[PDB]
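To keep things clear, I will list the structure first and then write my remarks on it.
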Amino acid sequence: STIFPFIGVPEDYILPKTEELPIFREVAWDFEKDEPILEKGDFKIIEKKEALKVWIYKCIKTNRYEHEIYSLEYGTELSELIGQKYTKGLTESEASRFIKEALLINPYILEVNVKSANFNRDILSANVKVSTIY
Amino acid sequence: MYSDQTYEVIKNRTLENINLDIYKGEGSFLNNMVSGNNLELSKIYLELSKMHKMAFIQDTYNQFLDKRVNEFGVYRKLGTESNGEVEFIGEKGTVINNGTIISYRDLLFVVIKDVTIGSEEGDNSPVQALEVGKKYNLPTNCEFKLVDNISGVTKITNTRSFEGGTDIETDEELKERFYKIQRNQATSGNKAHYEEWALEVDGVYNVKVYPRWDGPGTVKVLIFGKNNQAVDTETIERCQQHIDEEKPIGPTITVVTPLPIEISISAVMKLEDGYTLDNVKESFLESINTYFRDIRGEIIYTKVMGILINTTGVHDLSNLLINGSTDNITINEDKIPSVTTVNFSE
Amino acid sequence: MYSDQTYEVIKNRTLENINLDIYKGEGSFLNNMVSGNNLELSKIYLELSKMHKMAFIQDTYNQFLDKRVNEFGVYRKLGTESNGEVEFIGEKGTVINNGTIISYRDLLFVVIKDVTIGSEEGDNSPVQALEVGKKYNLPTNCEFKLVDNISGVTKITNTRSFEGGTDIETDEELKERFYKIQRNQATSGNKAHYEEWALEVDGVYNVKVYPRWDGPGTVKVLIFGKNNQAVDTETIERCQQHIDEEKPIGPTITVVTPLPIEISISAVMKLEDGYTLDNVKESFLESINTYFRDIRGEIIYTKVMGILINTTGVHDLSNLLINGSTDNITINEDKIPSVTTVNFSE
Amino acid sequence: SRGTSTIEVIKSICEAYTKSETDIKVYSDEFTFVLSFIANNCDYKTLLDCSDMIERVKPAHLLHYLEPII
Amino acid sequence: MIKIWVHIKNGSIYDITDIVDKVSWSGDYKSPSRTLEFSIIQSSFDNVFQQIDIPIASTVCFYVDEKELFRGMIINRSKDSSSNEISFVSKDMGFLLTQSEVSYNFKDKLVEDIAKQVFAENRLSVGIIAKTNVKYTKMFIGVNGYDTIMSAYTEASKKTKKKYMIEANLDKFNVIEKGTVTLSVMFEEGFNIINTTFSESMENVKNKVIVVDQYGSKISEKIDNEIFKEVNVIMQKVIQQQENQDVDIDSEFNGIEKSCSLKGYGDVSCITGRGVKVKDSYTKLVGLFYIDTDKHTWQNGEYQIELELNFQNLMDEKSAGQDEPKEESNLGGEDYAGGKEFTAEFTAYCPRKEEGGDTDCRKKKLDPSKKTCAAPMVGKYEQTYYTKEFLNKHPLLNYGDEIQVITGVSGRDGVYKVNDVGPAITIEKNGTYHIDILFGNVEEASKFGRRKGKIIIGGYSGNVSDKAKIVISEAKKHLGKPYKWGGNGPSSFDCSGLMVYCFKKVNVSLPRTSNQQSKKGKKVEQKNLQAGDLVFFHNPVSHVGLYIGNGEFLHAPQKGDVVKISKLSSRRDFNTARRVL
């Protein structure tokens, strides 16, 4: 009977209550052998920071623009630094930036710091601190 | 109201109601004494609010719901375990006694009858779930393991899927069932009600009720399938249980199905070129089967010879006889004619 | 036990439970403080009493009656909408489609059937109330207007009064229906159900039902006409056909009437203020009718004087006589007492 | 007792009074049914009250007999 | 936390909070629609700063603290090439009323029904409409719906002494009266006020009213003295009455106008049509104002409000009428007095057949729930020291008497009825009373044992009010007098004149007619009827009775009858009852 003078239908104007992010859960992973972990004949699900460890490991391990399935923001660019394409200081600064920007897309991660950086032989070492909501 | 009544409000009201000359504020002796019991009153108000939602039947949780439904007499279903049959493979002559426990994953199962591997009775024994739940409805091809080791047994597996496992009734289901039962009103007396309950059942499209068929307190019900066809045995059983749970005490109940009648036909006809007796016989049987499906009441002789002449290959016919006569055949209730013998002579 | 605790009792108990040497009295610190606390204390007992009374829904139309009724199974009537028919007068050939809106005062109506003015199907179309209520039961010859103007239509009038419109069921009627359902006892084939079935049919005023009058499977129904008199043959036939139509299948029911006994009642009686002879005569008629229906044996003169004196408007009576005497009269078999003459004087 | 009357309703009433399991046997031909129950802890007055309740509830044409099992 | 959502025609929904630069939200009491203005940043020079487009006539929603405050259509759109910004202007749904233009003919219609019909003709959803039992008659030709509704409600306001407004909240239309809701927040100089400007004006004052007939000739005039005291000059107004209207002069007068212009900090609750409180700094006095215009702005992380306020009156210190919660002195068992207090000794009782005595004075089985007791009764057990002096000093009780027992136990204290019969139940020489408490089992009695306490006997008044006796006696004084309709005197009384006289004798003024008398005082139920109540039965109160209790009441029945006493049950037509004492 009565007209609806707005675009759409009354159903589209119901807003679900905004709540905290649901608890982060992920399939367990074995870093030494690079395999998912089975428990009692099924996949094993871990919670909170362990799942975050799995996600961070997987994110760091991939290259940024190599795969079609991923968007342009997923992955890291650490492969461009191999072979000393830049000076040592430029490589250090770029590595810090790459790690920070790659990791920060996850809404469960609040801040990232790359603190220690040392060149010994052909190896580059660094320390990374990640702060989450947990 | 109850939500509004809070520690701050009741404390302010209490301090205003008390009449002394001393100072009433944070850190006062009187204020210290007054507080401490008002907080407990604020706590008590919440339980006072909750008690009404505890009491009623729309929202009663689990045990209070059980008590309130037991007041009326309805009981929560305890479910049923799953039952199935497995096969035993191993050394011949090995004997497994009843009560042995087998396990698939984290579930537990029990053997009912003794089976001997390689025995002439077979290697299959029924298996019943120990607990109730739908999770016990194992599919086909499950490789079981003995909980207690028995020598000579190598492999246990099932050839048919386990069925029968059911869960405990949830609160919403029980509440809906209780409301459905209580809302309905039934006078189990009048005859039309028997037809009503019979028609409520699935797969029925017509019902006839026979009062006083086998002496006093007897009711016979004639249910029908789609288009007045005979119903399956399971439909008869399910209608039987339905009206049994819907009938009062005292009248015995029998439900039956249509019974076919034997129809023999015979005629002398002239055939067309290129047509034999078998072809016209098959076409005529098809047409007469469709007819017997569609005809209500007594059979028609002129329709019979019409459907016979239209049957391809019939140039002329004479001496068409049905069951020894050309008369119309009356069909009683719960009866459907079937073709038994066709004697065609060219 | 909430009603046991009151302001004074709890105040005294609290003032007693403090084992201190401080003087307690009017205008004292401890007394004032305890009273100020105990007022808010007893408020909770008052609210608990109100809560329990609300729980059992005894008075003041608390919101939980809906849920309690739904527990029992009663439901509230939403009402019925009014139906009617109007005549469309106007240009020939116009088409008034389904769903057309016509308006009388604030009320709104809807056309049900596609009607063409000047056609062979008539210019009248059914009209239904667009909202529930008795206000849609319009009287005859009402003028209607088209909310959306249709060219070629001039007059809309109804040849008959609209009917079918009723308001929603009030909570008063809901409570009265719930209580009258609770008071009445109805079960499938029980004696009270037979009483109700016999009471339905016109010409029956009082019912007596005798289960197992000729052994098992037999029910005897005794009906009475006006003022505990004999019923006619047509009334008996209608009553038995109604019973058979509503009875269960198997029992046999027989309807009969007794033989009335003529009785004559004379008394000299002073009436109370504001009551004439007719009202007291009628009230004594009903009272003696129920006595004669509930009597077994002989009409006891003292019971008659008791049933006469308790009639409203009676202050004193003298020289009461039944059949001209004060002696008990035997009611023989197949005989019932019946009032034939009432003679009262002041 | 309110509402539908069946076998189970009568059994429920009989157990609500006799506080025990109840089994009913029906005689269609004689228009009779019997309620059997264990009355090792049942009194005569409560049994009479239960019988009166049943008589009020039972269909009029049927006979009712009690079978207290001791 | 403020959120803005936009619904586009195709079906897409965007959250644009991260792009918004500035927001404004405002309304006025002389328009039916509220407005919302906001800006976003969109740059055409830079590819990074290109955004989505929001076409004309798309819905925008405004949320503050997870609550929806505004929903409307986009009307204007503008883009400046120098600045990297796009501007939007939105309007409430309320502007749909002024598009409609219908002709009506209203005769003797309720104003609420007029508004309902106007909303129904041009299909619109109605939330709630203010109620006023004022009938209106008007002919509308070529007038808006908004103007129609406002004119009708102004005519209603001429009687109700109120102000009304039209508000479209979300998708609903409402008609509310101004000032009903008063905000919790108060503006004080030292707390949340940025600046204020107070004004007073005399320009729109009117203190003389002249009425003219249809012809234009003058018929009457009036001057208001209170306004004329403030302004020495006379400013006249001329109104014309038609044949079928009789105007009220007192509504046309207008006084001095006092206002305030305020800017400060508040919440989103301060909007047009609500009442607010402002505290005076010098005198510490609080005044009540009505909001006429408002504006809320969010920009650069700060939020400020601007209000235009109209002064109503000064808030009375403490309570003006001093409304007190009307409660009875005693919730239950009122006027318990005269209760002499005696020390008592309590003994436990068990109903045992072997011992005997389980029967009471009337030989009925004892019920533990009755809280009955055994107390010394006159003529049961008499000792030597029961002297006349002692008996007058320590009175023996009677059967059925209600005494208050305090054993010191929760649940064992209360009123106890003297019904149980106990051997050796007497009073000691010192005056201690032996009171036997009934118990329902052996264990409870054994636990209770023998204790010492106190009981109270013979305390009861059971009265209502002192004026009730005078009322009842006067009403009896007028028994049997001949009836007369409309007679207010000792010689003859009508149905209502009896109680008019009778309550005038106790300084209780009542309406002359009993129908209005039904509309005075607290409502009384039939079960809560006491001596002195007034009873009303027929839907027209032709005869009203004075309830004296015991199911009897005094009244004047009708012409031809005389004042008497009638039984309440005999009047089946009971409707309502009131108490004024």
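All Cβ positions, even for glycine, are placed from backbone atoms using ideal geometry, and neighbour counts span all protein chains on display. Please treat every number below as a calculation from the coordinates, not as lab data.
Scanning segment C:249-261 for residues that are surrounded by fewer than 16 Cβ atoms within 10 Å (Cβ to Cβ) and away from chain B (no Cβ under 14 Å) yields a count of 3.
Annotation: of all residues in segment B:93-109 being more than 14 Å from chain A (Cβ to nearest Cβ) and crowded, with 16+ Cβ neighbours inside 10 Å, the one that is nearest to B:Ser82 (Cα to Cα) is B:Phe109.
Of all residue pairs spaced 6 or more apart or on separate chains, those with beta-carbon atoms under 7 Å, a first member in segment D:2-31 that is within 28 Å of B:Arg183 (Cβ to Cβ) and more than 13 Å from chain C (Cβ to nearest Cβ) and a second member that is among the charged types (D, E, K, R) and in a loop (DSSP other than H, G, I, E, B) are D:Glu15/D:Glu21.
From the set of residues in segment C:163-194 that are part of a helix (DSSP H, G or I) and within 13 Å of chain D (Cβ to nearest Cβ), which is farthest from D:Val26 (Cα to Cα)? Write out each step before concluding.
The first filter runs over segment C:163-194 and keeps only residues part of a helix (DSSP H, G or I), leaving C:171-183, C:191-194.
Now narrow it down to the ones that are within 13 Å of chain D (Cβ to nearest Cβ): C:178, C:181-183, C:191-194.
On the way: C:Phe178: 35, C:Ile181: 31, C:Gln182: 30, C:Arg183: 31, C:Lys191: 20, C:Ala192: 23, C:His193: 22, C:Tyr194: 23 Å.
That would be C:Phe178.
Considering segment B:262-287, the residues that are in a strand (DSSP E or B) and polar (S, T, N, Q) include one that is surrounded by the fewest Cβ atoms within 10 Å (Cβ to Cβ), namely B:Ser264. Considering every residue within segment E:250-272, establish whether at least one is part of a loop (DSSP other than H, G, I, E, B) and free of Cβ contacts under 8 Å to residues at least 24 places away in the same chain. So far as segment E:250-272 goes, no, none of its residues is part of a loop (DSSP other than H, G, I, E, B) and free of Cβ contacts under 8 Å to residues at least 24 places away in the same chain.
Exactly one residue among A:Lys53, A:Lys85 is surrounded by 10 or more Cβ atoms within 10 Å (Cβ to Cβ), in a helix (DSSP H, G or I) and free of Cβ contacts under 8 Å to residues at least 24 places away in the same chain, and that residue is A:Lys53.
Of everything in segment E:402-431, what is polar (S, T, N, Q) and either over 52 Å from the mean Cα position of the chain (by Cα) or assigned to a strand (DSSP E or B) (or both)? Give them in sequence order. If you could, list the steps in order and put the result at the bottom.
Our first condition is that a residue be polar (S, T, N, Q); within segment E:402-431, this holds for E:404, E:407, E:410, E:419, E:426, E:430.
Those that are polar (S, T, N, Q) and either over 52 Å from the mean Cα position of the chain (by Cα) or assigned to a strand (DSSP E or B) (or both): E:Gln404, E:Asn419, E:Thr426, E:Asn430.
If you go through segment C:143-161 and pick out every residue that is surrounded by fewer than 17 Cβ atoms within 10 Å (Cβ to Cβ) and either under 37 Å from the mean Cα position of the chain (by Cα) or farther than 22 Å from C:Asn97 by Cβ (or both), you end up with 3.
Among residues that are under 20 Å from E:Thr272 (Cα atoms) and in contact with a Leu (Cβ under 9 Å, 6 or more places away or on another chain), E:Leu97 is included.
Residues in segment A:116-132 that are out of contact with any helix residue (DSSP H, G or I) (no Cβ under 9 Å at 6 or more places or on another chain) and in a strand (DSSP E or B): A:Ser116, A:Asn118, A:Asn120, A:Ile123, A:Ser125, A:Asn127, A:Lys129, A:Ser131.
Let me confirm something: among E:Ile227, E:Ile219, which residue is surrounded by 10 or more Cβ atoms within 10 Å (Cβ to Cβ) and not in a strand (DSSP E or B)?
Values: E:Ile219 fails: not in a strand (DSSP E or B).
Selected residue: E:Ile227, the only one of E:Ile227, E:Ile219 that is surrounded by 10 or more Cβ atoms within 10 Å (Cβ to Cβ) and not in a strand (DSSP E or B).
In segment E:1-41, the qualifying residues are those that are closer than 12 Å to E:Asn84 by Cα and crowded, with 18+ Cβ neighbours inside 10 Å, and the one that is farthest from the chain's Cα centre (by Cα) is E:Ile40.
Listed residues C:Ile22, C:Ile44; which is within 11 Å of chain B (Cβ to nearest Cβ) and β-branched (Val, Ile, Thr)? Spell out the reasoning first.
Values: C:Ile22 fails: within 11 Å of chain B (Cβ to nearest Cβ).
It is C:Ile44.
Mind checking which residues of segment E:438-460 are hydrophobic (A, V, I, L, M, F, W, C) and farther than 12 Å from E:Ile403 by Cβ?
We begin by selecting, within segment E:438-460, every residue hydrophobic (A, V, I, L, M, F, W, C); these are E:438-439, E:442, E:445, E:448, E:455-457.
Scanning segment E:438-460 gives E:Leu438, E:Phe439, E:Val442, E:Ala445, E:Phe448.
Looking across segment B:1-16 at every residue that is under 21 Å from C:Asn32 (Cα atoms) and exposed (fewer than 15 other Cβ atoms within 10 Å of the Cβ), the one that is farthest from the other protein chains (Cβ to nearest Cβ) is identified as B:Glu8. When the residues of segment E:496-539 are narrowed to those that are surrounded by 14 or more Cβ atoms within 10 Å (Cβ to Cβ) and touching a helix residue (DSSP H, G or I) at 6+ places or on another chain (Cβ under 6 Å), which ends up nearest to E:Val562 (Cα to Cα)? Per the stated criteria, the residue is E:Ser496. For the subset of segment E:46-79 comprising residues that are under 18 Å from E:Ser24 (Cβ atoms) and more than 43 Å from the chain's Cα centre (by Cα), which member is surrounded by the most Cβ atoms within 10 Å (Cβ to Cβ)? Among those that are under 18 Å from E:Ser24 (Cβ atoms) and more than 43 Å from the chain's Cα centre (by Cα), it is E:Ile54. Of all residues in segment B:80-132, those satisfying the criterion of being closer than 24 Å to A:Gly41 by Cα and small (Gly, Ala, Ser) are B:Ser82, B:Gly84, B:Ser103, B:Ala129.
Taken together, B:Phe64, B:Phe56 contain a single residue that is more than 9 Å from chain C (Cβ to nearest Cβ) and among the hydrophobic types (A, V, I, L, M, F, W, C), which is B:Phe64.
In segment E:125-140, which residue that is within 23 Å of E:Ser103 (Cα to Cα) and among the aliphatic types (A, V, I, L, M) is surrounded by the fewest Cβ atoms within 10 Å (Cβ to Cβ)? Here the residue is E:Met139. Checked across segment C:294-316, the condition of being of a type in the set (S, T, N, Q), touching a strand residue (DSSP E or B) at 6+ places or on another chain (Cβ under 9 Å) and either touching a residue at least 40 places away in the same chain (Cβ under 8 Å) or loosely packed, with under 13 Cβ neighbours inside 10 Å (or both) holds for no residue.
Scanning segment C:29-61 for residues that are among the charged types (D, E, K, R) and farther than 20 Å from B:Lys50 by Cα returns C:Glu40, C:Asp59.
With respect to the conditions (1) over 17 Å from E:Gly489 (Cα atoms); (2) under 27 Å from the mean Cα position of the chain (by Cα), E:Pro511 lacks only one, and its number is (1).
Does C:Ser82 satisfy the condition of being surrounded by 13 or more Cβ atoms within 10 Å (Cβ to Cβ), more than 36 Å from the chain's Cα centre (by Cα) and in contact (Cβ under 8 Å) with a residue 40 or more places away in the chain? Spell out the reasoning first.
Values: surrounded by 13 or more Cβ atoms within 10 Å (Cβ to Cβ): yes; more than 36 Å from the chain's Cα centre (by Cα): no; in contact (Cβ under 8 Å) with a residue 40 or more places away in the chain: yes.
No; evaluated as a whole, the condition is false for this residue.
Picking from residues in segment E:64-123 that are under 30 Å from E:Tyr303 (Cα atoms) and aliphatic (A, V, I, L, M), the one that is nearest to the other protein chains (Cβ to nearest Cβ) is E:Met93. Filtering segment B:195-248 to residues that are within 14 Å of another protein chain (Cβ to nearest Cβ), assigned to a loop (DSSP other than H, G, I, E, B) and of a type outside the set (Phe, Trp, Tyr) leaves B:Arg212, B:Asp214, B:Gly215, B:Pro216, B:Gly217, B:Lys247, B:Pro248. Scanning segment B:138-161 for residues that are out of contact with any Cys (no Cβ under 8 Å at 6 or more places or on another chain) and closer than 16 Å to B:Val110 by Cβ turns up B:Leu138, B:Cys142, B:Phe144, B:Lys145, B:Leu146, B:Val147, B:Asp148, B:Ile150, B:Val153, B:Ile156. One residue alone among C:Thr312, C:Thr254, C:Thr290 is within 32 Å of the chain's Cα centre (by Cα) and part of a loop (DSSP other than H, G, I, E, B), and that residue is C:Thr312.
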